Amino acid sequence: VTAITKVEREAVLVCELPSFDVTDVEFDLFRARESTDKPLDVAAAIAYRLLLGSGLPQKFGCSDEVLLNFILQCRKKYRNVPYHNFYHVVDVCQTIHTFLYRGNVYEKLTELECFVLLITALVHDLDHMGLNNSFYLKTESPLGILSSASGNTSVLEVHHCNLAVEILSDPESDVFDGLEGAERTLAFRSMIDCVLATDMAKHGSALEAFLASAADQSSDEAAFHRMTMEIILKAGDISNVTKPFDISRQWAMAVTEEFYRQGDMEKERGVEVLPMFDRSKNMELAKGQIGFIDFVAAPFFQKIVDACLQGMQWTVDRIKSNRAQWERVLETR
């Protein structure tokens, strides 16, 4: 944990984002990346602006300097992989902002919980190597053995929580230094519960718990708040198909490259390679995206909007039109 320099901060604060509304559901992070020769500084500046314009750091005694220290300690710990890089967690951060403030999910949570969600977005994939839980277990890699021996199958999610806690133990980058007692505890418990909940192995069980709680006027209030945070970070994590088609498509290309590289190492290591991770299967993006929409994202967003989050209806509208756009790529091939 080397301290952030005056020079590193200045490199972010100078970025100005002319033309961009970071609060908008149609904000394009790809356009912002190649809109300078410092795409990393810009992403950091998008996150800084999102966090300050919410007004939440101020209310919880997090200075502008500590907040930016934190953004930059987070950025140092992401890797040059095609999808689970710093652009992805900044995307999840901005998208969660749209769900909270354009979708009015802010009304369901306290300000501390909204603050936690925006911060968690930035830690939720720390030190991701472009390989899924499954890779580590099948290869009996050290991390996989450690997870298996410890009894926790969520290999990556526990790695991420470990580095989050590392960054927050230095008061110079603890966005929660302003909290004490129950509030500091709730902040850490909820950041950890949310990251652990991004493991897609628990997708069905997290979705069903959230919906059972929303249907129950006598749900425990604390438990409902908690499940709402977990569902919102999960929503942000599978949000690529809720964006304007060309944005959705570039995300999909980036995730496919990352899966294909895992498939290359699984071959050179002679372990099971799924159809989807095999470069020499050349499966069509269109059928891929439609499959993801039909089996994961459409039912997910439709059910949470209907159950509770009416303000997020636009996500369901966009998945419908992205699907029809993929059906058109098929109909004209």
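Heads up, when I say rigid core I mean the largest set of C-alphas that superpose within 1.5 Å between the two forms. The numbering used is simple: start at 1 and walk along the sequence shown.
Trainee: Could you say which moves further from this form in 9 other deposited structures of this protein, stretch 280-288 or stretch 36-44, by root mean square CA distance after aligning on the core?
Mentor: Evaluated in 9 other deposited structures of this protein, the stretch farther from the shown form is 280-288.
Trainee: Could you check which stretch, 35-43 or 289-297, carries the larger mean CA temperature factor in the entry?
Mentor: According to the entry, 35-43 carries the higher average C-alpha B-factor.
Trainee: So which stretch wins on mean C-alpha B-factor, 166-174 or 228-236?
Mentor: Here the higher of the two C-alpha B-factor means belongs to 166-174.
Trainee: For the listed residues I192, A215, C74, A222, which one has the largest C-alpha B-factor as given in the deposited model?
Mentor: If I rank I192, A215, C74, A222 by C-alpha B-factor, first place goes to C74.
Trainee: Determine which member of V241, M129, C161, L100 has the highest CA B-factor, using the values in the deposited entry.
Mentor: Highest C-alpha B-factor among the listed options: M129.
Trainee: Comparing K267 with the other modelled residues of its chain, is its CA B-factor in the lowest, middle or highest third?
Mentor: Within its chain, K267 is a highest-third residue by C-alpha B-factor, going by the deposited values.
Trainee: What third of the chain does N80 rank in for C-alpha temperature factor, lowest, middle or highest?
Mentor: It falls in the top third of the chain.
Trainee: Which third of the chain holds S205 when residues are ordered by C-alpha B factor: lowest, middle or highest?
Mentor: Lowest third, going by the recorded CA B-factors of the chain.
Trainee: Would the CA B-factor of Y87 place it in the lowest, middle or highest third of its chain?
Mentor: Tercile = middle for this residue's CA B-factor.
Trainee: Grab the CA temperature factor for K281 from the record and place it in the lowest, middle or highest third of its chain.
Mentor: Answer is highest: the recorded C-alpha B-factor places it there.
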